[PDB]
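First, one chain by itself: the form deposited in one PDB entry, in structure tokens.
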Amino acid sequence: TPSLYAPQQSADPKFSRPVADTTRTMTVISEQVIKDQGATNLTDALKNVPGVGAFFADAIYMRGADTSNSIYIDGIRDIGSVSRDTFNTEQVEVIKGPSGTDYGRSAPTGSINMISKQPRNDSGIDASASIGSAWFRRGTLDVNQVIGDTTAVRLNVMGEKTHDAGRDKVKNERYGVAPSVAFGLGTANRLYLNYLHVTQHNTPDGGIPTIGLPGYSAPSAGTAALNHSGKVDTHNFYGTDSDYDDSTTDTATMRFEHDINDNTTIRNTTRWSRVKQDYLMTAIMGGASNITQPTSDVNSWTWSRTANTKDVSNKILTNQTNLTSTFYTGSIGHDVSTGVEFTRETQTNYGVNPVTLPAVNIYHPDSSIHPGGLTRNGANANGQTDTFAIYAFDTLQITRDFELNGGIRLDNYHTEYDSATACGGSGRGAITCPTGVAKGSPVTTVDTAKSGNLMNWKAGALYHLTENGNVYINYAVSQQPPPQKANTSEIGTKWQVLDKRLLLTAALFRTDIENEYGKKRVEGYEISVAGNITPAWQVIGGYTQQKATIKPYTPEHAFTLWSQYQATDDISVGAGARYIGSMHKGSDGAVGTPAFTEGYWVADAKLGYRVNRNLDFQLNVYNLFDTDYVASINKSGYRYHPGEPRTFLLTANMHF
């Protein structure tokens, strides 16, 4: 049977073949891995993919490219930019390399697809309660109930509140509710209805000065004392008691499926979703012109505070039709996947008055101040993108051993954008009032439309060398809206060994991007392992070696491995280790800021104890050696996020 650590099939019907028979570098992170590791969010889940992390500012990076706009939920773009909890996730599908034929407007470096939980054919209840470091509390509930011969419901509930063990005042609070019903299970006609609501209320973290890090230099001769005063206390909060981050997600999904016959299925999915967010966060600046020296003693010196504010609403409405069909023409088998997608996305950024923040003491920051919140001023920016997309995939079974595949996708989009600024101010990009226009009036500065076409295509071939091993090649030609062109070549090999419960892959890749700014190249090597070495022994991890020629936020070496062993009927033990290579900032870094970050190791451990079939406990320890490191650094180079210290998570799991 399948390993819980190596799901055999993508959930997306655009993938007609099992992962091991797919000519792409594709890692699936199962629900069981997420649970065993205590992963509460997408970023945590992604520790199982080497090199993928939120190294910037915080945004997730893959192969040197921001991936924030290449996150999907059930194959539909995730709108807005909020952290994603794992409570409603069945698995996470990560493609390393292009996926424009599958999603159109995605990063040619990789995509991430979170697969939502659906009603199952069995009845059961799981619940979890957790306590952890820094007042961490979390509760989850997952109820599945079969309600007739062909109907099932599922409900997932989550609540979490925590402070931050490494950071004063930073905190996160959220809850989520995700009810579903499915009709017609086990028949030719199925209807899935999904809803999801999440609310978050957080204190955001702008990070801390980079003084004293490797590569840091004071920005002037007159501030040379900062070459000797040392790293600031990594627990220091440089924001204010007014900083906050609020968001809500509301998503409704309706999926109809009709089997035309045993080998042909048509699907229609409608989703409406809205993500609202507003925040006030403190960004600190440490250039010569940002530093105040009330006396010559550095204990009195300050850096300037900048308010990073946002008040935004994103909406999407999309309808997607997919058709899959398997049939022969002569001796050639066909696996077809084709469809059409209609989408409207909108975004409103609500204008707010400028917020002014007092300077912050470098070594003794005073965050007790209450500058106040945001006030809308009615000068808004509004955007709309309408997209029509059509695609076709086919895998040709030429012989038992040889398969050819290909896909093509066409996107046509229309984008409208308008923006108004309240005139007469001075902060940020202020505007002088036109003649006769009273101060503070919103003045339209942009009002434009645009249209464009994207073509994406890919072709691959795969040869089964043995019953267990194959070799494959894949080629993809991508393009995004500014048209950014990307070509990718890939050759790899995939092996299912140890009763086919363990998947081993290796791939070489080369990607060339033009019109990103000139041409870039990223090439390298990827190895991965997932599944069961023995019935008691589960592993998942990988290794990446890569080089990103320019012509940033990309480790050239990265490793991760998680290993779990069922030591007795009641005792299991797990441990993980990940290496993040050093990274370099070629551009944008201010004078004297670190031009590089050092590589580091992080280790994690787990102990599980089963009391009976209804109750088991789990202890997770994160950053077991309490290692000090730079988790990320912003583009300016003035501020960074320190790696979290050692933390603990203790969970009671109940099953009924």
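Quick note: we count residues from 1 along the sequence shown, nothing fancier. Rigid core here is just the name for the largest C-alpha set that superposes within 1.5 Å across the two forms.
Although it is not shown, the form deposited in another entry is what the next lines describe.
The comparison between this form and the one not shown, aligned on the rigid core, picks out a single residue among 189, 466, 432, 399 whose CA moves by 2 Å or more, and that residue is 432. Relative to the superposed core, residue 566 undergoes a C-alpha shift smaller than 2 Å between this form and the one not shown. Annotation: Cα of residue 199 displaced by less than 2 Å between this form and the one not shown, core superposition. Relative to the superposed core, residue 146 undergoes a C-alpha shift smaller than 2 Å between this form and the one not shown.
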